[PDB]
$ cat my_file_16.cif   # mmCIF, C-alpha atoms and all ligand atoms
data_target
loop_
_atom_site.label_atom_id
_atom_site.label_comp_id
_atom_site.auth_asym_id
_atom_site.auth_seq_id
_atom_site.Cartn_x
_atom_site.Cartn_y
_atom_site.Cartn_z
CA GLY H 1 0.00 0.00 0.00
CA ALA H 2 0.91 3.74 -0.22
CA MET H 3 2.22 5.20 3.11
CA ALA H 4 -0.55 7.89 3.22
CA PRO H 5 -3.01 6.91 0.46
CA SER H 6 -4.10 10.07 -1.51
CA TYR H 7 -6.23 11.30 -4.44
CA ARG H 8 -4.72 13.70 -7.04
CA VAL H 9 -5.92 15.03 -10.41
CA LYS H 10 -3.77 15.90 -13.44
CA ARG H 11 -4.80 17.47 -16.79
CA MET H 12 -2.69 15.45 -19.28
CA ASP H 13 -2.67 12.29 -21.48
CA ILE H 14 -3.19 9.16 -19.23
CA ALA H 15 -0.80 7.37 -21.74
CA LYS H 16 2.07 9.44 -20.11
CA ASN H 17 1.04 8.57 -16.47
CA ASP H 18 3.63 8.11 -13.65
CA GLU H 19 1.68 5.33 -11.83
CA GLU H 20 2.27 1.54 -11.43
CA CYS H 21 -0.85 0.68 -13.57
CA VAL H 22 -3.50 2.32 -15.78
CA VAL H 23 -7.29 1.97 -16.08
CA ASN H 24 -8.55 2.01 -19.71
CA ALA H 25 -12.03 3.46 -20.44
CA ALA H 26 -12.58 0.39 -22.67
CA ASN H 27 -15.37 -0.78 -24.98
CA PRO H 28 -16.84 -4.27 -24.40
CA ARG H 29 -15.31 -5.73 -27.66
CA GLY H 30 -11.62 -4.91 -26.95
CA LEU H 31 -11.54 -2.56 -30.00
CA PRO H 32 -9.03 0.33 -30.30
CA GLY H 33 -11.97 2.78 -30.03
CA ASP H 34 -11.53 6.59 -29.54
CA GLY H 35 -10.43 9.09 -26.81
CA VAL H 36 -8.64 7.49 -23.78
CA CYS H 37 -9.15 4.00 -25.36
CA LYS H 38 -7.25 4.97 -28.60
CA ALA H 39 -4.35 6.61 -26.59
CA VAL H 40 -4.14 3.40 -24.45
CA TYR H 41 -4.16 1.25 -27.66
CA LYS H 42 -1.28 3.36 -29.17
CA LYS H 43 0.79 3.09 -25.90
CA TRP H 44 0.03 -0.54 -24.80
CA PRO H 45 -1.35 -2.39 -27.87
CA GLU H 46 -0.24 -5.80 -26.42
CA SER H 47 -2.77 -5.24 -23.54
CA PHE H 48 -5.70 -5.66 -26.07
CA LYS H 49 -5.15 -9.48 -26.47
CA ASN H 50 -8.46 -11.03 -25.17
CA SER H 51 -9.39 -7.73 -23.42
CA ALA H 52 -13.12 -7.99 -24.48
CA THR H 53 -15.39 -8.00 -21.33
CA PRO H 54 -19.08 -7.11 -20.60
CA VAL H 55 -20.42 -3.71 -19.44
CA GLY H 56 -19.93 -3.15 -15.68
CA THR H 57 -16.71 -5.32 -15.50
CA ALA H 58 -12.94 -4.87 -15.60
CA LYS H 59 -10.36 -7.22 -17.13
CA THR H 60 -6.57 -6.76 -16.62
CA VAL H 61 -4.09 -7.67 -19.41
CA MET H 62 -0.31 -7.19 -18.87
CA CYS H 63 1.78 -5.14 -21.39
CA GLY H 64 5.20 -6.64 -20.44
CA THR H 65 4.89 -6.30 -16.60
CA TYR H 66 2.74 -3.09 -16.75
CA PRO H 67 -0.98 -3.87 -15.94
CA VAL H 68 -3.75 -2.35 -18.08
CA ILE H 69 -7.16 -2.68 -16.31
CA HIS H 70 -9.87 -2.53 -19.09
CA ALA H 71 -12.93 -1.07 -17.32
CA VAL H 72 -16.20 -1.02 -19.34
CA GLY H 73 -18.57 1.81 -18.37
CA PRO H 74 -22.11 1.93 -19.80
CA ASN H 75 -22.90 3.98 -22.95
CA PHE H 76 -25.73 6.24 -21.63
CA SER H 77 -27.07 6.50 -25.25
CA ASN H 78 -28.16 2.82 -24.83
CA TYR H 79 -28.88 2.43 -21.05
CA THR H 80 -31.69 4.04 -18.98
CA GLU H 81 -30.35 6.60 -16.40
CA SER H 82 -31.11 4.03 -13.63
CA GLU H 83 -29.49 0.96 -15.29
CA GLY H 84 -26.55 3.07 -16.54
CA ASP H 85 -25.95 4.38 -13.02
CA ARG H 86 -25.89 0.76 -11.64
CA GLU H 87 -23.40 -0.48 -14.33
CA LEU H 88 -21.15 2.64 -13.84
CA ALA H 89 -20.98 1.95 -10.07
CA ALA H 90 -20.23 -1.78 -10.81
CA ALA H 91 -17.35 -1.03 -13.30
CA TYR H 92 -15.58 1.02 -10.56
CA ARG H 93 -16.10 -1.73 -7.89
CA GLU H 94 -14.39 -4.23 -10.33
CA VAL H 95 -11.51 -1.69 -10.76
CA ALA H 96 -11.04 -1.60 -6.91
CA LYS H 97 -10.86 -5.48 -6.84
CA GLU H 98 -8.23 -5.53 -9.66
CA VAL H 99 -6.08 -2.73 -8.12
CA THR H 100 -6.16 -4.68 -4.81
CA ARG H 101 -5.36 -8.07 -6.45
CA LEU H 102 -2.36 -6.56 -8.39
CA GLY H 103 -0.82 -5.17 -5.12
CA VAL H 104 0.12 -1.82 -6.86
CA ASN H 105 0.85 1.30 -4.71
CA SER H 106 -0.60 3.65 -7.39
CA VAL H 107 -3.13 3.68 -10.29
CA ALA H 108 -3.92 6.19 -13.11
CA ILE H 109 -7.75 6.36 -13.72
CA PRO H 110 -9.99 8.33 -16.14
CA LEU H 111 -13.66 9.24 -15.29
CA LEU H 112 -15.68 6.41 -16.91
CA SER H 113 -18.72 7.22 -19.06
CA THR H 114 -17.94 11.03 -19.17
CA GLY H 115 -16.88 11.18 -22.88
CA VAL H 116 -18.62 9.57 -25.94
CA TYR H 117 -20.47 7.22 -23.47
CA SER H 118 -22.00 10.21 -21.52
CA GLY H 119 -25.12 10.30 -23.80
CA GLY H 120 -24.50 14.09 -24.20
CA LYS H 121 -24.70 14.84 -20.38
CA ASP H 122 -22.19 16.23 -17.83
CA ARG H 123 -21.49 13.21 -15.57
CA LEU H 124 -18.33 14.57 -13.76
CA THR H 125 -19.96 14.41 -10.25
CA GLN H 126 -21.86 11.11 -10.95
CA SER H 127 -18.71 9.26 -12.23
CA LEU H 128 -16.29 10.82 -9.66
CA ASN H 129 -18.55 9.85 -6.71
CA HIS H 130 -18.77 6.23 -7.99
CA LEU H 131 -14.92 6.32 -8.29
CA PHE H 132 -14.70 7.47 -4.64
CA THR H 133 -17.24 4.83 -3.42
CA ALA H 134 -15.09 2.04 -4.95
CA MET H 135 -11.55 3.31 -4.27
CA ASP H 136 -11.94 4.81 -0.73
CA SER H 137 -11.35 1.36 0.90
CA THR H 138 -8.15 0.75 -1.21
CA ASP H 139 -4.67 1.99 -0.08
CA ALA H 140 -3.28 2.81 -3.56
CA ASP H 141 -2.40 6.42 -4.50
CA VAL H 142 -5.14 7.29 -7.07
CA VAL H 143 -4.30 9.83 -9.84
CA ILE H 144 -7.32 10.94 -11.91
CA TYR H 145 -6.52 12.08 -15.50
CA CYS H 146 -8.75 14.63 -17.35
CA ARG H 147 -8.28 16.94 -20.42
CA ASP H 148 -10.58 19.99 -19.70
CA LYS H 149 -9.24 22.90 -17.51
CA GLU H 150 -12.70 23.47 -15.88
CA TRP H 151 -12.99 19.70 -15.06
CA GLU H 152 -9.46 19.78 -13.46
CA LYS H 153 -10.64 22.64 -11.13
CA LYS H 154 -13.97 20.80 -10.30
CA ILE H 155 -12.21 17.43 -9.61
CA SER H 156 -9.49 19.19 -7.50
CA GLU H 157 -12.20 20.99 -5.40
CA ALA H 158 -14.17 17.70 -4.79
CA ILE H 159 -10.93 15.98 -3.64
CA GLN H 160 -9.94 18.91 -1.32
CA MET H 161 -13.51 19.09 0.20
CA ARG H 162 -12.87 15.70 2.01
CA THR H 163 -9.28 16.70 3.12
CL CL B 201 -0.27 15.64 -22.29
CL CL B 202 -16.44 7.59 -22.28
CL CL B 203 -12.08 16.02 -19.19
#
$ encode --input "my_file_16.cif" --output "structure tokens" --more "lines below"
Ligand SMILES: [Cl-]
Ligand SMILES: [Cl-]
Ligand SMILES: [Cl-]
Amino acid sequence: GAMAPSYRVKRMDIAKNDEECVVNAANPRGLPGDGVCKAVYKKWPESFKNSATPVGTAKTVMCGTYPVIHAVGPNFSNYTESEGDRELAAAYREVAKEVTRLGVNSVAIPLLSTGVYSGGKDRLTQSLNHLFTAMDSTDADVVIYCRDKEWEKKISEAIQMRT
């Protein structure tokens, strides 16, 4: 575990993270996809061997010795708000299990279902709170990666609120 487990946020490409493992915002079919998923595919293409997994689950594939945790959030274009919320919560609980099993002291994580899977809605608070519910009982240093300057401020404020 980390000596004093923390949350941090950085506004940069998760493919250039400084953590002991990465969470991919994956699609269920293990396809190269777009956004975070395409950057992850470019950086760790070996990690996409048998990475396909259902919505609401996470599957880890090693790139050399570096673990890539493929976490499949719901596409809110297809799910009801209620079912989508349940699957989004589940994907993050499966991430917490994998981070614990791997014995890492740190993990880089994007906000699941906040991009092309958002169904056109702002889900920063919804996705971040599900992230907190899952990861609060783990002792890894969590580093959240985002690309928008306003999101970086909003994520930083939500972290500091609990401190
Ligand atoms: Cl960058
Ligand atoms: Cl997304
Ligand atoms: Cl963002």
$ residues_near_ligand --input "my_file_16.cif" --ligand "ligand CL 201 (chain B)" --cutoff "7 Å" --atoms "all atoms listed in the file" --output "list in words"
residues 12, 13 and 16 of chain H
$ closest_atom_pairs --input "my_file_16.cif" --of "chain H" --to "ligand CL 203 (chain B)" --cutoff "8 Å" --atoms "only C-alpha atoms and all ligand atoms" --output "JSON lines"
{"residue": "H:11", "atom": "CA", "partner": "B:CL203", "partner_atom": "CL", "distance": 7.8}
{"residue": "H:111", "atom": "CA", "partner": "B:CL203", "partner_atom": "CL", "distance": 8.0}
{"residue": "H:114", "atom": "CA", "partner": "B:CL203", "partner_atom": "CL", "distance": 7.7}
{"residue": "H:115", "atom": "CA", "partner": "B:CL203", "partner_atom": "CL", "distance": 7.8}
{"residue": "H:145", "atom": "CA", "partner": "B:CL203", "partner_atom": "CL", "distance": 7.7}
{"residue": "H:146", "atom": "CA", "partner": "B:CL203", "partner_atom": "CL", "distance": 4.1}
{"residue": "H:147", "atom": "CA", "partner": "B:CL203", "partner_atom": "CL", "distance": 4.1}
{"residue": "H:148", "atom": "CA", "partner": "B:CL203", "partner_atom": "CL", "distance": 4.3}
{"residue": "H:149", "atom": "CA", "partner": "B:CL203", "partner_atom": "CL", "distance": 7.6}
{"residue": "H:151", "atom": "CA", "partner": "B:CL203", "partner_atom": "CL", "distance": 5.6}
{"residue": "H:152", "atom": "CA", "partner": "B:CL203", "partner_atom": "CL", "distance": 7.3}
$ write_last_selection --input "my_file_16.cif" --atoms "C-alpha atoms" --output "mmCIF file, in the coordinates of the input"
data_model
loop_
_atom_site.group_PDB
_atom_site.id
_atom_site.type_symbol
_atom_site.label_atom_id
_atom_site.label_comp_id
_atom_site.auth_asym_id
_atom_site.auth_seq_id
_atom_site.Cartn_x
_atom_site.Cartn_y
_atom_site.Cartn_z
ATOM 1 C CA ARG H 11 -4.800 17.470 -16.790
ATOM 2 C CA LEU H 111 -13.660 9.240 -15.290
ATOM 3 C CA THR H 114 -17.940 11.030 -19.170
ATOM 4 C CA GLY H 115 -16.880 11.180 -22.880
ATOM 5 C CA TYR H 145 -6.520 12.080 -15.500
ATOM 6 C CA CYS H 146 -8.750 14.630 -17.350
ATOM 7 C CA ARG H 147 -8.280 16.940 -20.420
ATOM 8 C CA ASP H 148 -10.580 19.990 -19.700
ATOM 9 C CA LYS H 149 -9.240 22.900 -17.510
ATOM 10 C CA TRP H 151 -12.990 19.700 -15.060
ATOM 11 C CA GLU H 152 -9.460 19.780 -13.460
#
$ closest_residue --input "my_file_16.cif" --among "H:100, H:24, H:163, H:6" --to "residue H:39" --atoms "all atoms listed in the file"
H:24
$ closest_residue --input "my_file_16.cif" --among "H:90, H:95, H:131, H:161" --to "residue H:58" --atoms "only C-alpha atoms"
H:95
$ residues_near_ligand --input "my_file_16.cif" --ligand "ligand CL 202 (chain B)" --cutoff "7 Å" --atoms "all atoms listed in the file" --output "ChimeraX atom specification"
/H:25,112-118
$ closest_residue --input "my_file_16.cif" --among "H:26, H:104, H:159, H:124" --to "residue H:2" --atoms "only C-alpha atoms"
H:104
$ closest_residue --input "my_file_16.cif" --among "H:121, H:162, H:154, H:130" --to "residue H:77" --atoms "all atoms listed in the file"
H:121
$ residues_around --input "my_file_16.cif" --residues "residue H:4" --least-positions-apart "3" --cutoff "9 Å" --atoms "all atoms listed in the file" --output "MDAnalysis selection string"
chainID H and resid 1 139:141
$ residues_around --input "my_file_16.cif" --residues "stretch 43-51 of chain H" --least-positions-apart "3" --cutoff "8 Å" --atoms "only C-alpha atoms" --output "ChimeraX atom specification"
/H:15,29-31,39-40,59-63,67-68,70
$ atom_distance --input "my_file_16.cif" --atom1 "atom CA of residue H:87" --atom2 "atom CA of residue H:42"
26.9 Å
$ closest_residue --input "my_file_16.cif" --among "H:108, H:52, H:134, H:143" --to "residue H:89" --atoms "only C-alpha atoms"
H:134
$ closest_residue --input "my_file_16.cif" --among "H:37, H:88, H:102, H:9" --to "residue H:21" --atoms "all atoms listed in the file"
H:102
$ residues_around --input "my_file_16.cif" --residues "residue H:93" --least-positions-apart "6" --cutoff "12 Å" --atoms "all atoms listed in the file" --output "list in words"
residues 56, 57, 58, 71, 72, 73, 86, 87, 99, 100, 129, 130, 131, 132, 133, 134, 135, 136, 137 and 138 of chain H
